[PDB]
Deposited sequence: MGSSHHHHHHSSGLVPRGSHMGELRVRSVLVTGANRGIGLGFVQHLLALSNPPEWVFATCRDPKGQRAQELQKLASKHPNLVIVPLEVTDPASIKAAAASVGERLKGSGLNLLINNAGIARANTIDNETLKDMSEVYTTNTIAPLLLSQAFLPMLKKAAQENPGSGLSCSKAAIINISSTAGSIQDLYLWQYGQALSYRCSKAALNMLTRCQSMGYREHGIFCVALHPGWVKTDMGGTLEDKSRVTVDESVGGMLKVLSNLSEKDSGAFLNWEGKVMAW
């Protein structure tokens, strides 16, 4: 696993911050790690800010993933830093979940969860397509040109992971639709030499994973150490797949 440039959304806390830390700590670290976040001037951005003060490597980019203009500015801004060099790796990680029961689910929540979890990875892939294409041109591997969508087995229609812990229909629907988007990107972008894959990170001890004790749970470090290992072993025939942080096949 050797990537010269990577962009991670939702990079200030939880799994996305884990990705940043691990990526900077790779045997051969990237030339550019772009870590996006909503409020680079907020307390929740500080851990990232300090990381950037120690690593000239790390570029904090402001990004509201549901706002097409914010997405546009973030893409101009990273494109100017890459000075026409490619983007090897896009990790769509930013996401939300809302704790609504099937009976309480609303149009608002169904819609907002979908636009953050599903539409935004599409928009961001479209906006960075030019840079991913460049990188492919400089089979299909994550070291070359890849889109990584962080999904969930909560969005597995077969498995319905963790049903007895939460219904979160807006979230499950959005994650199934993200597994479909991943398949579509895989087929649509294959001709550009761009790999796509969906990953389940596990039930991670983050703000989203919640407070519950369970020994199937994993730490941020175990989850992202896993996912990065998985990426480093992926080849063409896995493009469009849905794999977990241990590299296992998850049912759709």
Gaps in the model (deposited sequence, numbered from 1): 1-23, 162-165
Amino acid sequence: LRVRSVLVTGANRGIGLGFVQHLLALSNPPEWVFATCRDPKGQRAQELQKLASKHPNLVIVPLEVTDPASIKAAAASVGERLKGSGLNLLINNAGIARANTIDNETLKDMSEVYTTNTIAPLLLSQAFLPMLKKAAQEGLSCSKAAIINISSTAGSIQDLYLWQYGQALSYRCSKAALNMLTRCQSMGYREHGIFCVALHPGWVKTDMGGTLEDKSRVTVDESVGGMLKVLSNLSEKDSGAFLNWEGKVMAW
From here on, numbers count along this sequence of modelled residues.
Of 85-93 and 151-159, the stretch whose C-alpha atoms average the higher B-factor in the entry: 85-93
Mean C-alpha B-factor comparison - 232-240 and 14-22, higher one: 232-240
Largest Cα B-factor, entry values, listed residues 212, 197, 220, 184: 212
Highest recorded Cα temperature factor - choice among 125, 111, 141, 174: 141
Where the record places residue 224 (Cα B-factor, split into thirds across the chain): lowest
Cα B factor band for residue 62 (lowest, middle or highest third within the chain): middle
Third of the chain's Cα B-factor distribution that residue 118 belongs to, per the entry: lowest
Residue 170 by Cα B-factor - lowest, middle or highest third of the modelled chain: lowest
Ranked against its chain, the third holding the CA B-factor of residue 250: lowest
